[PDB]
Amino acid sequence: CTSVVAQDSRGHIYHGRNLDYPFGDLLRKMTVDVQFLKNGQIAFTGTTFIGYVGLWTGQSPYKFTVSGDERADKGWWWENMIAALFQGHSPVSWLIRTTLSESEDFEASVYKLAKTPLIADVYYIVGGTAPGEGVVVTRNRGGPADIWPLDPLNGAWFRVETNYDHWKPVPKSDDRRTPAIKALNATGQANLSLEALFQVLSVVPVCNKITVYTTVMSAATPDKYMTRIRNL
């Protein structure tokens, strides 16, 4: 997976993500953009698969956008897992959807995604509606290992997250980080937009054989939420 949260020269936040998963031959046919309605209004929007209740990509209009990437954890037993469910722990995709349903604003959603205990490790990428509102939350089962924020005034106008910790080098066999940085580097902060970010997420190998769908979004312009099925 590849998630990107970035800021243009005006202070607008952009959020994009690629979902790579095997069995994609089947999933691509099952990808839907779901608008969850509550009290006669669109509470939030998410991209999921038919039969799957959690969200790995979602949007709270004019509040925040969230996407989740996979992180490798310690070996977990199915018995320990059910215990974690009853102990009170949450699946990583169910916390994303809960946050989209409950959290009032960007900072409150980052707090929920960082502190809530989880069954497995994950990366939470969150984007907001105001300058500098972008973070990569590296999660353990217990809590936050790190919180990597946007730093545009120091030249860090984008954060890239794949499936490895951002402070360690990626495997030479699966290096989709540097090509995503090269493409964002080449695009430039001033030329950043949803469509320019979609182009970045169409670069190979950021988009590869197992990529299922691409999403670009911005909580401040919730009508521009768009998903594309890849390799279909």
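Numbers for residues come from their place in the sequence shown, where the first is 1.
Trainee: On mean Cα temperature factor in this entry, is 140-148 or 156-164 the higher one?
Mentor: Looking at the record's C-alpha B-factors, the answer is 140-148.
Trainee: Going by the B-factors listed in the PDB entry, is the mean over the C-alpha atoms higher for 126-134 or for 96-104?
Mentor: Mean C-alpha B-factor is greater for 96-104.
Trainee: Going by the entry, which of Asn231, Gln7, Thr227, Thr2 has the most elevated CA B factor?
Mentor: Highest CA B-factor of the listed options: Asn231.
Trainee: Ranking every modelled residue in this chain by its Cα temperature factor as given in the entry, which third contains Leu27?
Mentor: For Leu27, whose C-alpha B-factor we compare with every modelled residue in the chain, the answer is the highest third.
Trainee: Within this chain's modelled residues, let me know which third the CA B factor of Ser173 belongs to: lowest, middle or highest.
Mentor: Highest third, going by the recorded CA B-factors of the chain.
Trainee: When the deposited Cα B-factors of this chain's modelled residues are ordered and cut into thirds, is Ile13 in the lowest, the middle or the highest one?
Mentor: For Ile13, whose C-alpha B-factor we compare with every modelled residue in the chain, the answer is the lowest third.
Trainee: Could you say whether, by C-alpha temperature factor, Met81 belongs to the lowest, middle or highest third of its chain?
Mentor: For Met81, whose C-alpha B-factor we compare with every modelled residue in the chain, the answer is the highest third.
Trainee: Can you tell me which third, lowest, middle or highest, the CA B-factor of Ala220 falls into for its chain?
Mentor: According to the entry, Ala220 has a C-alpha B-factor in the chain's middle third.
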